[PDB]
Amino acid sequence: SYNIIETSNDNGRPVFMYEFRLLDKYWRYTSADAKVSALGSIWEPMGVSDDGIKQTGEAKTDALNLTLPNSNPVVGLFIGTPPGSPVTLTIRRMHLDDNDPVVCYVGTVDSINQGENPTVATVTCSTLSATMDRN
Amino acid sequence: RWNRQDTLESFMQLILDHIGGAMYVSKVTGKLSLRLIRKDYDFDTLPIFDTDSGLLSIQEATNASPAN
Amino acid sequence: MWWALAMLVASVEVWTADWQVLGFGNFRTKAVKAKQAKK
Amino acid sequence: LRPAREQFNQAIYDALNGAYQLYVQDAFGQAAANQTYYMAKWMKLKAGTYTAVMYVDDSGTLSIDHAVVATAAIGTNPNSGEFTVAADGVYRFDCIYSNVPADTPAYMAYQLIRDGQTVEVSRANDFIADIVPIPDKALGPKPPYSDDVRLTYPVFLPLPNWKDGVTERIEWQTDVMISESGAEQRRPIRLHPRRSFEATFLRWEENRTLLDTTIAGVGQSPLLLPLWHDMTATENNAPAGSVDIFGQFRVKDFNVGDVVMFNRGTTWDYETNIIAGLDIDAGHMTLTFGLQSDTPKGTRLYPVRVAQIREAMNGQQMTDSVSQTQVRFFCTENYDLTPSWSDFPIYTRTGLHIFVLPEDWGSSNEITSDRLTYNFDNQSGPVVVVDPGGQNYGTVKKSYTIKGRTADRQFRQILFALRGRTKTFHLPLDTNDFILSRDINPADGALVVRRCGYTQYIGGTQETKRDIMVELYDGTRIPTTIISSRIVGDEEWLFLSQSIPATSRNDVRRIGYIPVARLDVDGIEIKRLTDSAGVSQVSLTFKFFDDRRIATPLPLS
């Protein structure tokens with residue numbers, strides 16, 4: 001019943017949940033302000049915020065830039081020495097009273113750099129289409 | 001042929017241009033996927049977009065004399 | 001035609017350029033792509 | 001009796017998880033003959049082992065609950081280790097030291113490491129130092145076990161200045177996308193609105209000092225904010241150590257598991273406790289922890305919120321001792337409240353709720369009408385503005401003054417039924433219109449009104465001018481919709497889609513419009529001139545329009 005609520009003009013509910021995955025080592029996040037629980041897991045309300053899931057077919061421009069609080073272990077994995085194995089990010093888009101969070105993005109964590117906003121770092125996540133610069 | 005090998009994305013660009021298709025990632029799974037640009041539409045089932053059905057604004061409203 | 005969609009960013013197709021080497025220079029006919037070495 | 005003293009070592013310090021010297025005498029080298037020196041404080045403990053090395057001058061001793069746990073040989077040896085309390089709770093760390101006839105330096109230090117984990121190692125400024133042992137009630141009230149981390153935050157005791165009003169804002173986030181033609185989209189972004197509070201503080205003579213010290217210490221960290229606007233008091237008398245109280249909590253912001261504060265007078269003897277549960281009718285709550293010291297009848301009760309000061313504070317002053325300033329706070333927890341459209345008519349022909357609120361007659365309301373669209377504004381010459389949708393919309397702001405605690409709950413339930421710019425609802429703007437020249441005859445199914453240019457100047461093809469409320473003189477609300485009209489003589493005929501009870505022309509108050517309306521601003525400013533019991537006026541703004549988008553969901557998702 002997701003699409004009916006999503007396409008409504010005067011009906012809707014805000015949720016954007018984030019799954020940070022590393023060989024099944026999981027972090028289930030929620031951009032909303034509540035303790036969202038769906039898909040058999042609790043998606044904690046954390047200060048994550050998307051900048052737009054762009055799909056242009058052009059590398060660099062489509063780099064999903066996430067504002068991720070530094071205190072999270074997700075950023076902690078990248079302090080000094082980032083993981084030797086890629087970390088995958090999955091975003092889901094359910095409403096409330098709904099239970100099918102249609103997945104919307106399956107990009108991976110490519111690079112992270114802290115900076116002027118110490119309360120959240122910038123996380124760049126492209127997709128498989130744009131990682132084809134190999135020799 | 002792929003002699004004097006070059007960047008892989010360039011070769012895929014060449015092949016896609018030959019077939020006239022789009023390599024893309026499925027929104028749901030995340031798997032790499034391929035699309036072709038063809039006449040695969042029936043001009044009947046297509047959704048109709050106007051301001052009363054979802055259209056917000058036409059950001060490209062000019063015509064650049066595209067006759068030549 | 002994916003070039004035509006690639007030029008979707010244009011300001012509207014004539015071109016004048018030399019080439020970055022590709023797999024054309026021939027020393028072995030290939031009725032099908034078996035790829036090739038590079039030496 | 002006096003505060004304790006401490007010192008910074010380097011070798012010994014680094015030796016045992018960074019411990020300080022501990023002593024009560026003013027300077028280090030001033031012991032006395034076979035003298036004893038006493039001190040005590042509350043330490044939080046589970047039932048663990050609490051292995052601890054401790055070194056003292058001349059067989060000084062550690063102790064818990066008056067039970068000696070070890071004593072120090074004159075050397076800095078690992079004199080002793082484990083001493084298991086064996087019970088979870090807070091206990092009195094009441095170590096004592098001494099020195100033999102000489103007046104050599106008097107020193108203590110200890111190395112509490114539970115199971116090898118450092119705790120309460122040193123720097124116990126909570127001590128109170130005296131040359132004789134003291135009882136618990138001289139030590140001070142035993143603090144709550146605070147299993148919840150919430151109670152650890154500092155409490156903002158300084159009170160507000162009521163004679164200037166208290167400002168609170170409940171903020172949603174609700175994005176609205178409006179097309180070129182006025183077709184609108186709706187998206188509530190915050191499930192539960194984020195809450196902020198403001199008040200003017202005017203303090204002096206050791207209250208200004210309290211406010212200054214506390215606010216400088218907090219700065220930007222979480223703090224326990226007592227909801228003075230939701231003040232209340234006990235209904236029974238509670239003795240020391242009691243675990244439940246009766247009181248008046250019908251409608252004010254009290255919830256299961258809420259942080260509740262007790263004020264025992266003088267503003268310095270306070271308490272913060274957690275209510276595991278409460279009764280909303282048989283006014284009563286059970287305290288997670290036996291109240292701190294005592295709570296006689298009439299103790300002021302404040303519901304508390306885990307807030308944060310997310311802005312800088314202005315330095316404003318009146319005299320060298322008096323000061324005033326406006327401090328804002330932001331609740332960190334969601335403001336959870338059940339929405340409801342209590343008693344308001346549900347128009348059958350639209351499925352929306354009439355906004356029957358008895359809004360007041362403040363100085364004046366605000367008036368607008370727009371179409372939102374324009375042409376290329378030529379550097380010179382003519383311009384041709386294009387109407388995108390040929391439909392009228394506008395905004396009207398009109399004040400409302402709540403009165404009472406239950407009225408406050410009703411308005412919160414309403415304001416949660418809508419959410420910022422979320423939902424539609426019919427708005428009676430209380431504008432007398434359509435003076436009924438003729439009587440209301442249901443047989444013809446059409447109202448006859450004084451000629452005011454409806455059909456001619458406005459016409460019936462405007463949704464924002466089709467919905468009307470015939471507030472019959474008895475107070476009955478008769479919503480109806482305009483569908484067609486005939487214009488003749490000095491009167492105008494208005495056909496309606498539904499019947500109306502047969503009544504004389506002189507049987508009505510007004511025919512005010514009730515168009516489709518949507519609250520304009522995202523965050524609502526409510527001026528609490530007093531606690532919830534009284535003045536809580538608000539200045540809503542309603543944007544009236546027509547909802548146009550038709551949803552035929554995109555197929556084959």
# chains A, B, ... in the order shown; residues from 1 in each chain; ligands from 1
>>> interface_residues(of="chain B", to="chain D", cutoff="10 Å", atoms="only C-alpha atoms", output="MDAnalysis selection string")
chainID B and resid 45:48 50:58
>>> write_last_selection(atoms="N, CA, C and O atoms", output="tab-separated table (two decimals), in the first residue's frame")
chain	number	residue	atom	x	y	z
B	45	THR	N	-1.20	3.19	-22.25
B	45	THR	CA	-1.10	3.01	-20.81
B	45	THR	C	-0.27	4.10	-20.14
B	45	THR	O	-0.24	4.16	-18.91
B	46	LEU	N	0.39	4.95	-20.92
B	46	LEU	CA	1.31	5.91	-20.33
B	46	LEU	C	0.56	6.88	-19.42
B	46	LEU	O	-0.55	7.31	-19.75
B	47	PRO	N	1.13	7.24	-18.27
B	47	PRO	CA	0.47	8.23	-17.41
B	47	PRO	C	0.53	9.61	-18.04
B	47	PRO	O	1.53	9.99	-18.66
B	48	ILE	N	-0.55	10.37	-17.87
B	48	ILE	CA	-0.67	11.71	-18.43
B	48	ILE	C	-0.35	12.71	-17.33
B	48	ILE	O	-0.93	12.67	-16.24
B	50	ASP	N	-0.16	16.60	-16.16
B	50	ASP	CA	-0.49	18.01	-16.25
B	50	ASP	C	-0.45	18.57	-14.84
B	50	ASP	O	-0.22	17.85	-13.87
B	51	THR	N	-0.68	19.88	-14.71
B	51	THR	CA	-0.56	20.52	-13.41
B	51	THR	C	-1.50	19.90	-12.38
B	51	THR	O	-1.22	19.94	-11.18
B	52	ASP	N	-2.61	19.32	-12.83
B	52	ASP	CA	-3.60	18.74	-11.92
B	52	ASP	C	-3.31	17.29	-11.57
B	52	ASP	O	-4.12	16.68	-10.85
B	53	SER	N	-2.21	16.71	-12.05
B	53	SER	CA	-1.93	15.30	-11.82
B	53	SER	C	-0.52	15.03	-11.31
B	53	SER	O	-0.16	13.86	-11.16
B	54	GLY	N	0.28	16.06	-11.04
B	54	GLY	CA	1.61	15.84	-10.48
B	54	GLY	C	2.67	16.78	-11.01
B	54	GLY	O	3.71	16.96	-10.38
B	55	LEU	N	2.42	17.39	-12.17
B	55	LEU	CA	3.39	18.32	-12.74
B	55	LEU	C	3.42	19.59	-11.91
B	55	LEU	O	2.38	20.17	-11.60
B	56	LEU	N	4.63	20.04	-11.56
B	56	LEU	CA	4.82	21.26	-10.79
B	56	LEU	C	5.20	22.45	-11.67
B	56	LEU	O	4.70	23.56	-11.45
B	57	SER	N	6.07	22.24	-12.65
B	57	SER	CA	6.50	23.32	-13.53
B	57	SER	C	7.36	22.73	-14.64
B	57	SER	O	8.05	21.73	-14.44
B	58	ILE	N	7.30	23.37	-15.80
B	58	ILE	CA	8.13	23.01	-16.94
B	58	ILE	C	9.33	23.95	-16.92
B	58	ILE	O	9.22	25.12	-17.30
>>> select_by_dssp(residues="range 1-120 of chain A", states="helix (DSSP H, G or I)", output="number ranges by chain")
A: 2-6, 73-76
>>> write_last_selection(atoms="N, CA and C atoms", output="PDB file, in the first residue's frame")
ATOM      1  N   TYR A   2       2.169   1.088  -0.187  1.00  0.00           N
ATOM      2  CA  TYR A   2       3.081   2.224  -0.104  1.00  0.00           C
ATOM      3  C   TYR A   2       2.787   3.251  -1.189  1.00  0.00           C
ATOM      4  N   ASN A   3       2.678   2.799  -2.440  1.00  0.00           N
ATOM      5  CA  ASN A   3       2.594   3.731  -3.559  1.00  0.00           C
ATOM      6  C   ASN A   3       1.372   4.633  -3.443  1.00  0.00           C
ATOM      7  N   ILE A   4       0.254   4.090  -2.958  1.00  0.00           N
ATOM      8  CA  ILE A   4      -0.964   4.886  -2.849  1.00  0.00           C
ATOM      9  C   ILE A   4      -0.755   6.055  -1.894  1.00  0.00           C
ATOM     10  N   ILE A   5      -0.133   5.802  -0.742  1.00  0.00           N
ATOM     11  CA  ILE A   5       0.140   6.882   0.201  1.00  0.00           C
ATOM     12  C   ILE A   5       1.187   7.830  -0.367  1.00  0.00           C
ATOM     13  N   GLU A   6       2.191   7.284  -1.056  1.00  0.00           N
ATOM     14  CA  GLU A   6       3.294   8.102  -1.546  1.00  0.00           C
ATOM     15  C   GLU A   6       2.836   9.088  -2.611  1.00  0.00           C
ATOM     16  N   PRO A  73      29.644   4.982  15.264  1.00  0.00           N
ATOM     17  CA  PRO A  73      30.706   4.047  14.868  1.00  0.00           C
ATOM     18  C   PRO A  73      30.891   3.962  13.367  1.00  0.00           C
ATOM     19  N   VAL A  74      29.867   4.308  12.584  1.00  0.00           N
ATOM     20  CA  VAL A  74      30.000   4.289  11.130  1.00  0.00           C
ATOM     21  C   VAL A  74      31.142   5.200  10.697  1.00  0.00           C
ATOM     22  N   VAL A  75      31.149   6.436  11.197  1.00  0.00           N
ATOM     23  CA  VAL A  75      32.290   7.313  10.959  1.00  0.00           C
ATOM     24  C   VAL A  75      33.507   6.808  11.717  1.00  0.00           C
ATOM     25  N   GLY A  76      33.301   6.248  12.911  1.00  0.00           N
ATOM     26  CA  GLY A  76      34.419   5.728  13.678  1.00  0.00           C
ATOM     27  C   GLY A  76      35.228   4.698  12.917  1.00  0.00           C
TER      28      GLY A  76
END
>>> residues_around(residues="residue 38 in chain B", least_positions_apart="3", cutoff="9 Å", atoms="only C-alpha atoms", output="number ranges by chain")
B: 20-21, 41
>>> write_last_selection(atoms="N, CA, C and O atoms", output="tab-separated table (two decimals), in the first residue's frame")
chain	number	residue	atom	x	y	z
B	20	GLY	N	22.78	1.31	-28.38
B	20	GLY	CA	21.88	2.37	-28.01
B	20	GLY	C	21.08	2.02	-26.78
B	20	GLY	O	19.85	1.93	-26.83
B	21	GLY	N	21.77	1.80	-25.66
B	21	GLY	CA	21.13	1.41	-24.42
B	21	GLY	C	21.72	2.16	-23.25
B	21	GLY	O	22.60	3.01	-23.41
B	41	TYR	N	6.79	0.96	-25.98
B	41	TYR	CA	5.70	1.67	-25.33
B	41	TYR	C	4.48	1.65	-26.24
B	41	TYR	O	4.61	1.67	-27.47
>>> interface_residues(of="chain C", to="chain B", cutoff="7 Å", atoms="only C-alpha atoms", output="PyMOL selection string")
chain C and resi 1-3+12+22-24+33+35-38
>>> closest_residue(among="A:111, A:9, A:37, A:71", to="chain B", atoms="only C-alpha atoms")
A:9
>>> interface_residues(of="chain A", to="chain D", cutoff="6 Å", atoms="only C-alpha atoms", output="PyMOL selection string")
chain A and resi 4+7-10+12+14
>>> interface_residues(of="chain B", to="chain A", cutoff="8 Å", atoms="only C-alpha atoms", output="JSON, numbers by chain")
{"B": [6, 7, 8, 9, 23, 24, 25, 27, 28, 29, 30, 32]}
>>> residues_around(residues="residue 230 in chain D", least_positions_apart="3", cutoff="6 Å", atoms="only C-alpha atoms", output="mmCIF file with C-alpha atoms, in the first residue's frame")
data_model
loop_
_atom_site.group_PDB
_atom_site.id
_atom_site.type_symbol
_atom_site.label_atom_id
_atom_site.label_comp_id
_atom_site.auth_asym_id
_atom_site.auth_seq_id
_atom_site.Cartn_x
_atom_site.Cartn_y
_atom_site.Cartn_z
ATOM 1 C CA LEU D 227 7.863 23.133 32.971
ATOM 2 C CA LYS D 252 -0.965 19.177 32.359
ATOM 3 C CA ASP D 531 0.255 28.616 33.503
ATOM 4 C CA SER D 532 -2.000 26.298 31.489
#
>>> closest_residue(among="A:126, A:88, A:1, A:49", to="residue 33 in chain A", atoms="only C-alpha atoms")
A:49
>>> closest_atom_pairs(of="chain C", to="chain A", cutoff="12 Å", atoms="only C-alpha atoms", output="Markdown table")
| residue | atom | partner | partner_atom | distance |
| --- | --- | --- | --- | --- |
| C:2 | CA | A:57 | CA | 11.1 |
| C:5 | CA | A:57 | CA | 10.4 |
| C:6 | CA | A:57 | CA | 8.8 |
| C:8 | CA | A:56 | CA | 10.7 |
| C:9 | CA | A:56 | CA | 10.6 |
>>> residues_around(residues="residue 48 in chain A", least_positions_apart="3", cutoff="12 Å", atoms="only C-alpha atoms", output="ChimeraX atom specification")
/A:15-20,28-33,43-45,51,65-72,74-75,91,119-123
>>> write_last_selection(atoms="C-alpha atoms", output="PDB file, in the first residue's frame")
ATOM      1  CA  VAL A  15      10.637   8.449   7.059  1.00  0.00           C
ATOM      2  CA  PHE A  16      14.059   7.901   5.489  1.00  0.00           C
ATOM      3  CA  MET A  17      15.943   5.012   7.098  1.00  0.00           C
ATOM      4  CA  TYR A  18      19.580   4.103   6.480  1.00  0.00           C
ATOM      5  CA  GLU A  19      21.214   0.678   6.736  1.00  0.00           C
ATOM      6  CA  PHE A  20      25.006   0.662   7.032  1.00  0.00           C
ATOM      7  CA  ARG A  28      19.965   0.721  11.324  1.00  0.00           C
ATOM      8  CA  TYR A  29      19.395   4.482  11.247  1.00  0.00           C
ATOM      9  CA  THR A  30      16.391   6.777  10.905  1.00  0.00           C
ATOM     10  CA  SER A  31      16.512  10.381   9.725  1.00  0.00           C
ATOM     11  CA  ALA A  32      13.207  11.021  11.504  1.00  0.00           C
ATOM     12  CA  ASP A  33      13.015  11.942  15.186  1.00  0.00           C
ATOM     13  CA  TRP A  43      15.996   2.075  13.072  1.00  0.00           C
ATOM     14  CA  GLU A  44      17.226   4.574  15.650  1.00  0.00           C
ATOM     15  CA  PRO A  45      16.604   8.308  15.056  1.00  0.00           C
ATOM     16  CA  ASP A  51      21.402  15.472   0.032  1.00  0.00           C
ATOM     17  CA  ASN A  65      26.744  13.236   0.115  1.00  0.00           C
ATOM     18  CA  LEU A  66      25.469  12.187   3.543  1.00  0.00           C
ATOM     19  CA  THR A  67      25.767  14.369   6.645  1.00  0.00           C
ATOM     20  CA  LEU A  68      26.601  11.690   9.218  1.00  0.00           C
ATOM     21  CA  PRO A  69      27.247  12.523  12.904  1.00  0.00           C
ATOM     22  CA  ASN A  70      30.870  11.802  13.754  1.00  0.00           C
ATOM     23  CA  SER A  71      30.117  10.116  17.080  1.00  0.00           C
ATOM     24  CA  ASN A  72      28.564   7.186  15.220  1.00  0.00           C
ATOM     25  CA  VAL A  74      30.000   4.289  11.130  1.00  0.00           C
ATOM     26  CA  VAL A  75      32.290   7.313  10.959  1.00  0.00           C
ATOM     27  CA  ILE A  91      18.208   3.585   2.116  1.00  0.00           C
ATOM     28  CA  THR A 119      28.724  17.450  14.460  1.00  0.00           C
ATOM     29  CA  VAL A 120      28.319  15.632  11.110  1.00  0.00           C
ATOM     30  CA  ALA A 121      30.821  14.380   8.542  1.00  0.00           C
ATOM     31  CA  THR A 122      30.404  14.173   4.770  1.00  0.00           C
ATOM     32  CA  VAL A 123      30.018  10.616   3.448  1.00  0.00           C
TER      33      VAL A 123
END
>>> residues_around(residues="range 289-295 of chain D", least_positions_apart="4", cutoff="9 Å", atoms="only C-alpha atoms", output="ChimeraX atom specification")
/D:141-146,234,237-244,262-264,270-275,299
>>> write_last_selection(atoms="N, CA, C and O atoms", output="compact mmCIF listing (two decimals), in the first residue's frame")
# COMPACT_ATOMS: atom_id res chain seq x y z
N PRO D 141 21.32 14.55 51.69
CA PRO D 141 20.38 13.54 51.18
C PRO D 141 21.07 12.59 50.22
O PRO D 141 21.88 13.00 49.38
N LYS D 142 20.76 11.31 50.35
CA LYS D 142 21.33 10.31 49.46
C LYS D 142 20.75 10.50 48.06
O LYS D 142 19.52 10.55 47.91
N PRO D 143 21.58 10.60 47.02
CA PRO D 143 21.06 10.87 45.68
C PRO D 143 20.36 9.66 45.10
O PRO D 143 20.60 8.52 45.54
N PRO D 144 19.48 9.86 44.12
CA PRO D 144 18.79 8.72 43.52
C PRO D 144 19.76 7.83 42.76
O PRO D 144 20.82 8.27 42.30
N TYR D 145 19.40 6.55 42.64
CA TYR D 145 20.27 5.62 41.92
C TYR D 145 20.39 5.98 40.44
O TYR D 145 21.34 5.52 39.79
N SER D 146 19.47 6.77 39.91
CA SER D 146 19.56 7.30 38.55
C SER D 146 20.03 6.24 37.56
O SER D 146 20.97 6.45 36.79
N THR D 234 0.90 19.08 45.14
CA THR D 234 0.40 17.83 45.69
C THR D 234 -0.98 18.02 46.30
O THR D 234 -1.38 19.12 46.67
N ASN D 237 -0.32 14.66 51.83
CA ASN D 237 0.93 14.87 52.54
C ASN D 237 1.75 13.58 52.49
O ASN D 237 1.25 12.51 52.86
N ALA D 238 2.99 13.69 52.03
CA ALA D 238 3.86 12.53 51.84
C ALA D 238 5.01 12.57 52.84
O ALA D 238 5.70 13.60 52.93
N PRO D 239 5.25 11.50 53.59
CA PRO D 239 6.35 11.49 54.54
C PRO D 239 7.68 11.18 53.85
O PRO D 239 7.74 10.95 52.65
N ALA D 240 8.74 11.19 54.64
CA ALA D 240 10.07 10.90 54.12
C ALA D 240 10.12 9.49 53.55
O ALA D 240 9.60 8.54 54.14
N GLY D 241 10.76 9.36 52.38
CA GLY D 241 10.92 8.06 51.75
C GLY D 241 9.70 7.52 51.06
O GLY D 241 9.75 6.39 50.55
N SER D 242 8.60 8.28 51.01
CA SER D 242 7.41 7.81 50.33
C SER D 242 7.69 7.61 48.84
O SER D 242 8.65 8.15 48.28
N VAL D 243 6.83 6.82 48.19
CA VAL D 243 7.08 6.38 46.83
C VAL D 243 5.91 6.72 45.91
O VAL D 243 5.87 6.29 44.76
N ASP D 244 4.95 7.50 46.41
CA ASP D 244 3.80 7.85 45.59
C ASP D 244 3.08 9.03 46.22
O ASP D 244 3.11 9.23 47.44
N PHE D 262 10.55 18.31 42.33
CA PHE D 262 9.93 18.74 43.57
C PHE D 262 10.68 19.95 44.10
O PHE D 262 11.92 19.94 44.16
N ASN D 263 9.95 20.99 44.48
CA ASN D 263 10.52 22.21 45.06
C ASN D 263 10.08 22.30 46.51
O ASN D 263 8.89 22.51 46.79
N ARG D 264 11.03 22.16 47.43
CA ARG D 264 10.75 22.21 48.86
C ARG D 264 10.92 23.60 49.45
O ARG D 264 11.05 23.74 50.67
N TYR D 270 15.81 20.94 46.33
CA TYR D 270 15.02 20.46 45.21
C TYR D 270 15.19 18.96 45.07
O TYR D 270 15.89 18.31 45.85
N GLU D 271 14.54 18.40 44.05
CA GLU D 271 14.65 16.97 43.77
C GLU D 271 14.15 16.71 42.36
O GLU D 271 13.29 17.43 41.85
N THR D 272 14.70 15.67 41.75
CA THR D 272 14.24 15.17 40.46
C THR D 272 14.02 13.67 40.57
O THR D 272 14.89 12.95 41.06
N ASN D 273 12.86 13.20 40.12
CA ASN D 273 12.50 11.80 40.25
C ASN D 273 11.75 11.36 39.00
O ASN D 273 11.25 12.18 38.22
N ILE D 274 11.68 10.04 38.81
CA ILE D 274 11.03 9.43 37.66
C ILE D 274 9.77 8.73 38.15
O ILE D 274 9.82 7.96 39.12
N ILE D 275 8.66 8.99 37.48
CA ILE D 275 7.39 8.35 37.80
C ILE D 275 7.23 7.14 36.88
O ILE D 275 7.04 7.29 35.67
N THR D 299 3.61 20.69 48.19
CA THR D 299 4.88 20.84 47.49
C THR D 299 4.63 21.10 46.01
O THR D 299 3.82 20.44 45.37
>>> select_by_dssp(residues="chain B", states="strand (DSSP E or B)", output="PyMOL selection string")
chain B and resi 21-25+32-36
>>> residues_around(residues="range 429-438 of chain D", least_positions_apart="3", cutoff="8 Å", atoms="only C-alpha atoms", output="list in words")
residues 396, 447, 448, 449, 450, 452, 491, 505, 506, 509, 510, 511, 512, 513 and 514 of chain D
